[PDB]
Amino acid sequence: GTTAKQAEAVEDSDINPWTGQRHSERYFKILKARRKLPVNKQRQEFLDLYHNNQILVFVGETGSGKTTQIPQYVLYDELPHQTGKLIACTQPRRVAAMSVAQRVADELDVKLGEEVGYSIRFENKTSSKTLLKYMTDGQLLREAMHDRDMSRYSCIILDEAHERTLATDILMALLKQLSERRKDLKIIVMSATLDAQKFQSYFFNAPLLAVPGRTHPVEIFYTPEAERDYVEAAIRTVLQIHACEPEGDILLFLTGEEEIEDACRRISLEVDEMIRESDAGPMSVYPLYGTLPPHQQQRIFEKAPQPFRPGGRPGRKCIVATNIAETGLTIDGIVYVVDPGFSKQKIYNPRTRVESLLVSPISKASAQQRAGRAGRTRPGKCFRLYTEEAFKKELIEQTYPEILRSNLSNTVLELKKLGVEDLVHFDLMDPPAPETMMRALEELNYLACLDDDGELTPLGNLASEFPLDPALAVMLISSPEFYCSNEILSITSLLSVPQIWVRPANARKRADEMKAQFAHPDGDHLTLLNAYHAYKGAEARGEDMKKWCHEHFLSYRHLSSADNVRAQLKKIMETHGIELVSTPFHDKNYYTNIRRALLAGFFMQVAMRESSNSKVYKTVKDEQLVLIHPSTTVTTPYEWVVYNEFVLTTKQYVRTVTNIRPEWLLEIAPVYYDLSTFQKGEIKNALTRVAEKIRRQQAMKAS
Ligand SMILES: Nc1ncnc2c1ncn2[C@@H]1O[C@H](COP(=O)(O)OP(=O)(O)O)[C@@H](O)[C@H]1O
Ligand code: BEF
Ligand SMILES: [Cl-]
Ligand SMILES: [Mg+2]
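Numbering follows my numbering, with no gaps: position 82 of the sequence shown is 739.
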């Protein structure tokens, strides 16, 4: 029963209890400011709730001291038990876990990597001396794959569960099960914008600890009129702050990497025309996105420029960022936050099995977390570029969970690697529908990624290593047996992105003209492969590919993404010892090999023509009646086709269609097309005739 005042006396000591060295003067200056935080008045109320409850819910305002102080409150309590375990705190972003770990190491007067450290995907800045670890939720989930009981941690702190990521929602379900299995494990879930009663009721009616109060206020300013060009409204507001507001840096939130790098250039050019004319101060402009290098990512903590003259307008720092800085980070010197209200949120197309990023409105919880990046070290204000009534009535309260916006079949294979056995009764906080979960289990069993008992096959474990929809990964893994593994490697990448065709309403004719350069009459998949080959062909000549894709009416963003995916997918097969073969182009079976190899992943998406009079096709799965989509490069479709996408519109269509032979269905997928147990119907009768026709064909040639 170690009290808070007992621990404060150790914090006030000259000697570091963790290292045995003398405390620095910087440590005491930080500790004096740490105790003015709103969580410090309730340190004993926290310890009373922590000793008596296994799972704890913590809420407090942005900047209260949740991330920085509570693991140190736990660390002072947990060391006398001599467990040899560690304290784990999860942040959803890599830069947030790195920056906080350097802060808490400074707060504890230790060197980063020793008693306090971080662990991310490709860096583990820990050691034997490490006691507190600030990791990501994905990195803790990767350790849960090899250690399902998490035997290395005595306390798990799930910081910022409000973002509801894929790793966080899974970790909440895993730790809730582990709470019944392990009673020597403590679980803390904390956030500032949280459905606390929902998180309470999920964790076996756990207690709640509410901390009121802010360190510094944040004034919320709204625009009276809606402005559509949010980039123009953002750049206008940043220049207005540098002109007419006192000293203090700006944090700008925009959606994508290309959006801010244009905006970082447009701001710096309009700043330089404010310097020469309006006699304002200098402005440093810094970008921040996820694909940016870390040594340039750490430049956002770089000091504001000084003014040109003593007594002049203040020099300023503008950080234009994505929502990578929405949570967790405390950037010193930020006074102003501009909120356009948009972010790139992951969506899932169920017909094409593609996870893509869409610019969408942020939630109410994201706006408060964005405004909470100020008001931490000094008072601040947030400029929301939207109506107050748009905040109250148009914005949703909580961000939609990532597990409902992701590929469920990819999620299921990761959960089997985590040790989950009952998937339909897995207690997620917001689970998918049981029709949706069983459909993922139905497809993954037919793809041989799961057996009939439901356990993970070695095909499913290997398909989980690829960042693809699992039907595309089975197609890539089976590709060397069809002698077209270099070609399927490109086709899976183009099928993992949205459609590359650009058909504007003002230029339909010129769009179809450039598309017909790549058109293959046997399949749309070969038309995709031809267009990617033309992209990589003009790239080797030295042409401007943005100019090339615009003139050839192709999406540059989707084609360049598939080229980066194909480089990723090519490396995964090389490290796993998979052959990478291709047939020469003038082989008689070059194109038939590629059309055969599509059925290794897409045997379930097959249509059969009903009658010779009709253009209506009937699908194998669920007997749907479809037409061929008019975007097809197939001039005359066969009686049997494979398709990538079911299209529901005023008429039911199938898109990305390739002609196949029905005898390939029995060869490639015999378990699904087992005619012993197949469903009665016209497709079965047509398939048994195909098996009989090749039977009388081969037997008479044996005669
Ligand atoms: N790098 C830093 N530099 C200066 N002050 C910091 C830093 N990190 C945190 N702080 C201070 O500690 C407070 C608590 O931060 P934190 O614990 O992350 O807040 P929250 O509880 O909102 O997650 C901040 O409001 C700020 O006053
Ligand atoms: F809630 Be805090 F801004 F991490
Ligand atoms: Cl997201
Ligand atoms: Mg925090």
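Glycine is no exception: its CB is placed at the ideal position from the N, C-alpha and C atoms.
Specify, as a first and last residue, the run of the alpha helix (DSSP H) that residue 635 falls within.
Since the displayed the chain opens at 658 and closes at 1360, residue 635 lies outside it and no answer follows.
Assuming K1074 and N1143 make a contact with CB atoms under 8 Å, what is their CB distance in whole Å?
Counted from its first residue, the sequence shown places residue 1074 at position 417. Counted from its first residue, the sequence shown places residue 1143 at position 486. About 29 Å; that fails the 8 Å criterion.
Quick one, are the C-beta atoms of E764 and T676 less than 9 Å apart?
Residue numbering aside, residue 764 sits at position 107 when the sequence shown is read from its first letter. Residue numbering aside, residue 676 sits at position 19 when the sequence shown is read from its first letter. Against a cut-off of 9 Å, the Cβ pair of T676 and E764 comes out as no contact.
Is it the case that the Cβ atoms of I907 and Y993 are separated by a distance below 9 Å?
Working through the sequence shown from its first residue, we reach residue 907 at position 250. Working through the sequence shown from its first residue, we reach residue 993 at position 336. For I907 and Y993, yes; Cβs fall inside 9 Å.
Would you grab the beta carbon distance between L1226 and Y1192 for me? Rounded to a whole angstrom, and I think it's under 8 Å.
Here residue 1226 corresponds to residue number 569 of the sequence shown, with the count starting at 1. Here residue 1192 corresponds to residue number 535 of the sequence shown, with the count starting at 1. Separation of the CB atoms of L1226 and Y1192 is rounded to 17 Å, and the pair is thereby denied contact status at 8 Å.
Select from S1360, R1167 and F1259 the residue whose C-alpha is nearest the C-alpha of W1321.
As a working mapping, residue 1321 is identified with position 664 in the sequence shown. For the residues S1360, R1167 and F1259, the minimum Cα distance to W1321 belongs to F1259.
For a test of the three-state rule: what should DSSP assign to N1006, helix, strand or coil?
Residue 1006 sits at position 349 when you count from the first residue of the sequence shown. Three-state result, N1006: strand.
The beta strand (DSSP E) spanning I827 covers which residue range?
Numbered from 1 along the sequence shown, position 170 holds the residue referred to as residue 827. Per DSSP, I827 belongs to no beta strand (DSSP E); it is in the alpha helix (DSSP H), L823 to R838.
Going by the C-beta, is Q1002 closer than 8 Å to any heavy atom of ligand 3?
Stepping through the sequence shown from its first residue, residue 1002 is reached at position 345. At a cut-off of 8 Å, the beta-carbon of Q1002 counts as near ligand 3: some heavy atom of the ligand is closer than that.
For ligand 1, is there a heavy atom less than 8 Å away from the beta-carbon of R691?
On the sequence shown, residue 691 is found 34 positions in, with the first residue counted as 1. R691 Cβ: within cutoff of ligand 1.
Tell me, which residues are paired with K1001 by DSSP?
In the sequence shown, the residue the question calls residue 1001 occupies position 344. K1001 is bridged by DSSP to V1016.
Just checking my contact of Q857 with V714 at CB under 8 Å: how many whole Å lie between their CB atoms?
By one-based count along the sequence shown, residue 857 stands at place 200. By one-based count along the sequence shown, residue 714 stands at place 57. About 6 Å; that satisfies the 8 Å criterion.
Exposed or buried, what is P869 when buried is set at 16 or more other beta-carbons lying within 10 Å of its beta-carbon?
The count along the sequence shown starts at 1 and reaches residue 869 at position 212. Counting every other CB atom within 10 Å of its CB across the protein chains shown gives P869 a total below 16, marking it as exposed.
To the nearest angstrom, how far is it from the Cα of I932 to the Cα of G968?
Within the sequence shown, numbered from 1, the residue matching residue 932 stands at position 275. Within the sequence shown, numbered from 1, the residue matching residue 968 stands at position 311. Cα to Cα, the separation comes out at about 15 Å.
Neighbourhood of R1035 by C-beta distance below 7 Å, restricted to the same chain and skipping five residues each side
Position 378 of the sequence shown, counted from the start, is the residue given in the question as residue 1035. Here the set comprises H873 and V992.
Below 8 Å, how does it come out for the region 1127 to 1143 and the region 1268 to 1285: are there three or more Cβ pairs, yes or no?
The region 1127 to 1143, when compared against the region 1268 to 1285, does not touch it at the 8 Å Cβ threshold.
Would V875 and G1032 qualify as a contact pair, given that the criterion is a beta-carbon distance under 9 Å?
In the sequence shown, the residue the question calls residue 875 occupies position 218. In the sequence shown, the residue the question calls residue 1032 occupies position 375. Yes; because the gap between Cβ atoms is below 9 Å, this pair is in contact.
Are there any heavy atoms of ligand 4 lying less than 8 Å away from the beta-carbon of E817, as far as the coordinates show?
Residue numbering aside, residue 817 sits at position 160 when the sequence shown is read from its first letter. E817: yes, Cβ under 8 Å from ligand 4.
Can you tell me whether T1232 is buried or exposed? The criterion is at least 16 other CB atoms within 10 Å of its CB, across all chains shown.
Residue numbering aside, residue 1232 sits at position 575 when the sequence shown is read from its first letter. Its Cβ having fewer than 16 others within 10 Å, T1232 is exposed.
Since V1298 and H1286 are thought to touch, with beta carbons under 8 Å apart, how far apart are those beta carbons, to the nearest angstrom?
Taking the sequence shown and counting its residues from 1, the one referred to as residue 1298 is at position 641. Taking the sequence shown and counting its residues from 1, the one referred to as residue 1286 is at position 629. Contact doesn't hold; Cβ gap of about 11 Å is too wide.
So, do the region 820 to 832 and the region 668 to 675 have three or more beta carbon pairs nearer to each other than 8 Å?
These segments do not touch.
Range of the contiguous alpha helix (DSSP H) that encloses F1040:
Position 383 of the sequence shown, counting from 1, holds the residue named residue 1040. Residue range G1037 to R1041 is occupied by the beta strand (DSSP E) that includes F1040, with no alpha helix (DSSP H) assigned at that position.
Relative to ligand 2, what is the chain-ordered list of residues with a Cβ closer than 5 Å to any of its non-hydrogen atoms?
Going down the chain, each residue whose beta-carbon is closer than 5 Å to a heavy atom of ligand 2 shows up: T719, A849 and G1029.
Tell me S776's beta-bridge partners as DSSP assigns them.
As a position in the sequence shown, residue 776 is number 119, starting the count at 1. Its beta-bridge partners are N781 and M792.
Contact defined as beta carbons within less than 8 Å: I believe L1042 pairs with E884. What is the distance between those atoms, to the nearest angstrom?
Translated into positions along the sequence shown, residue 1042 becomes position 385. Translated into positions along the sequence shown, residue 884 becomes position 227. Sure, about 7 Å apart at Cβ, within 8 Å.
Compute the minimum distance between the beta carbon of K790 and the heavy atoms of ligand 4, and state whether it is under 8 Å.
Along the sequence shown, one-based indexing puts residue 790 at 133. Every heavy atom of ligand 4 is 8 Å or more from the Cβ of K790, so no.
Terminal residues of the continuous alpha helix (DSSP H) containing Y733?
Mapped onto the sequence shown, residue 733 falls at position 76. Looking at the DSSP string, the run of the alpha helix (DSSP H) that includes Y733 is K723 to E735.
Check whether the Cβ atoms of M1086 and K855 lie closer than 9 Å to each other.
In the sequence shown, residue 1086 corresponds to position 429, counting from 1. In the sequence shown, residue 855 corresponds to position 198, counting from 1. Result yes, Cβ atoms of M1086 and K855 sit closer than 9 Å.
Assuming contact is defined by CB atoms lying nearer than 9 Å, are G905 and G1029 in contact in what I supplied?
What you label residue 905 is simply residue 248 of the sequence shown in a count that begins at 1. What you label residue 1029 is simply residue 372 of the sequence shown in a count that begins at 1. For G905 and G1029, no; Cβs fall outside 9 Å.
So, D1181 versus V1011, is the Cβ gap smaller than 9 Å?
Position 524 of the sequence shown, counted from the start, is the residue given in the question as residue 1181. Position 354 of the sequence shown, counted from the start, is the residue given in the question as residue 1011. For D1181 and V1011, no; Cβs fall outside 9 Å.
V716: buried (16+ other C-beta within 10 angstroms of its C-beta) or exposed?
Here residue 716 corresponds to residue number 59 of the sequence shown, with the count starting at 1. Within a 10 Å sphere around the beta-carbon of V716 sit 16 or more other beta-carbons, which makes this residue buried.
Can you determine whether any heavy atom of ligand 3 sits closer than 8 Å to the C-beta of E1059, and answer yes or no?
Counting from one through the sequence shown, the residue named residue 1059 turns up at place 402. Result yes, Cβ under 8 Å from ligand 3.
Under 8 Å, with one C-beta from each stretch per pair, do the region 837 to 846 and the region 715 to 734 reach the 3-pair mark?
The answer is yes - the region 715 to 734 touches the region 837 to 846, with three or more Cβ pairs under 8 Å.
Just to check my reading of the structure: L986 and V1222 have Cβ atoms closer than 8 Å, yes? What is that Cβ distance to the nearest angstrom?
For the purposes of this step, residue 986 is taken as residue 329 along the sequence shown, with counting starting at 1. For the purposes of this step, residue 1222 is taken as residue 565 along the sequence shown, with counting starting at 1. Not quite, the Cβ-Cβ distance comes to about 29 Å (not below 8 Å), so this is no contact.
Buried or exposed (CB count within 10 angstroms, at least 16 for buried), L1332:
For the purposes of this step, residue 1332 is taken as residue 675 along the sequence shown, with counting starting at 1. Exposed: under 16 other Cβ atoms inside 10 Å.
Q1355 - containing alpha helix (DSSP H), residue span
Walking along the sequence shown from the start, residue 1355 turns up at place 698. Taken as a continuous stretch (DSSP letters only), the alpha helix (DSSP H) holding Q1355 covers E1339 to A1359.
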